[PDB]
Amino acid sequence: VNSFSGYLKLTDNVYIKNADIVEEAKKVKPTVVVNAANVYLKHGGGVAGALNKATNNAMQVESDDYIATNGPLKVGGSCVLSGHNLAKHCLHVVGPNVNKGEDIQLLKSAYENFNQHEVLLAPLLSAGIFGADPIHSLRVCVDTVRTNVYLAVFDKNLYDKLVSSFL
Ligand SMILES: Nc1ncnc(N2C[C@H]3CC[C@@H]2CC3)c1Cl
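Residue numbers 3 to 169, in PDB author numbering, belong to the letters of the sequence shown in order.
Right, dumping it as structure tokens:
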């Protein structure tokens, strides 16, 4: 049993709810919240800008030190950093950004990072300002992630479309 509430069950392991990952993280304090990161861990908008704002910029400060030591992530890659006031840990995952020309096949590699964590509060990857088709992102998620994932998708006309089109 866990603390996640109000989710629709899509499969054995994937759940979906119309909630802000920020407001959802603040309520649940999950072990892992996933950030929709870029390779530079520059949290400017969407899930990343919103998560970072909710940490009062502490996520960005920590991230800048990580990059100064380790250099940029790979597209499809991830790192584990603090969850600050939102979660125990934040898994920063880089999905491909279509608005930069990245290979959408890298989306499966991105979601494979989730399998290193038994439970994750997570966003839809490459959604939003990353430019991918969210229906495709949900299909890759279901077909790739084997651990228990709670997607918080803060957007009605899209939540309802994802549910009503889910095979
Ligand atoms: N705070 C959030 N929580 C959950 N999902 C978010 N997404 C999901 C789609 C794509 C990125 C943005 C817009 C709707 C955000 Cl910004």
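All C-beta atoms, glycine included, are put in the ideal place defined by N, C-alpha and C.
For residue 85 and residue 52, the rounded distance between their alpha carbons
For the purposes of this step, residue 52 is taken as residue 50 along the sequence shown, with counting starting at 1. For the purposes of this step, residue 85 is taken as residue 83 along the sequence shown, with counting starting at 1. If I take the Cα positions, the gap works out to 13 Å.
Status (buried if at least 16 other CB within 10 Å, exposed otherwise) for residue 97:
Here the question's residue 97 lines up with position 95 in the sequence shown. Flag for residue 97 reads buried.
Mind checking who residue 58 pairs with in its DSSP beta bridge?
Within the sequence shown, residue 58 is the residue found at index 56, counting from 1. Looking at the DSSP assignment, residue 58 forms no beta bridge with any residue, so it has no partner.
How long is the line joining the alpha carbons of residue 36 and residue 115, rounded to whole angstroms?
Within the sequence shown, residue 36 is the residue found at index 34, counting from 1. Within the sequence shown, residue 115 is the residue found at index 113, counting from 1. Taking the straight line joining both Cα atoms gives about 10 Å.
Beta strand (DSSP E) runs contained entirely in the region 70-158, provided each spans 3 or more residues
Qualifying beta strand (DSSP E) stretches, in chain order: 80-84, 91-95, 121-124 and 150-154.
Counting beta carbon pairs with one atom in the region 4-24 and one in the region 93-112, are three or more of them shorter than 8 Å?
The region 93-112 is not in contact with the region 4-24.
Put residue 68 into one of helix, strand or coil per three-state DSSP.
The residue you call residue 68 lines up with position 66 of the sequence shown. Under the three-state reduction of DSSP, residue 68 is assigned to helix.
Specify the secondary structure class of residue 38 as computed by DSSP and reduced to three states.
Working through the sequence shown from its first residue, we reach residue 38 at position 36. Assignment of residue 38 by DSSP, reduced to helix, strand and coil, places it in the strand class.
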